[PDB]
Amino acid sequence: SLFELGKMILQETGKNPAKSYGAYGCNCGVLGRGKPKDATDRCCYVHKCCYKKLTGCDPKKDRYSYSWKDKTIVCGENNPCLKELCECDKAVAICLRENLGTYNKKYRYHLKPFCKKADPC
């Protein structure tokens, strides 16, 4: 759910997730994709495409288990959908941390109404 996802982004990046990524560019935040504005935004574009494989679980509401071991996110077994959900969330948290070097506050509440329509995943 958003709780695990938010916690992973905070563990990897050290940033408040909602403030930094709740509404960044064309893909981080409220729903839908759009052409990405930069590398951070493209992490979120990839994360929303990753959610498309899920069947039987809901990425916003469903909780799942994971732990922090040797400063690494480790998804627990869960069930098949929840395990895929946990790995989609872990990958976006890692990708946001890898791209913090180009993060641009000017994209923070970017105007989603103006985003180019996203290509198919």
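All residue numbers are counted from 1 along the displayed sequence. Basically, rigid core = biggest C-alpha set you can superpose within 1.5 Å across the two forms.
Larger root-mean-square CA separation from the shown form, computed after a rigid core fit of the structures in 5 other deposited structures of this protein, is seen for 102 to 110 when 102 to 110 is set against 16 to 24.
The rigid core fit leaves 49 to 57 as the farther-lying stretch in 5 other deposited structures of this protein, judged by Cα positions and set against 89 to 97 and 49 to 57. The stretch with the higher mean CA B factor, choosing between 109 to 117 and 95 to 103, is 109 to 117. For the pair 70 to 78 and 45 to 53, the mean B factor over Cα atoms is greater in 70 to 78. Based on the entry's C-alpha B-factors, the most elevated value among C26, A39, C88, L31 belongs to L31. Ranked by C-alpha B-factor against the other modelled residues of its chain, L5 falls in the middle third.
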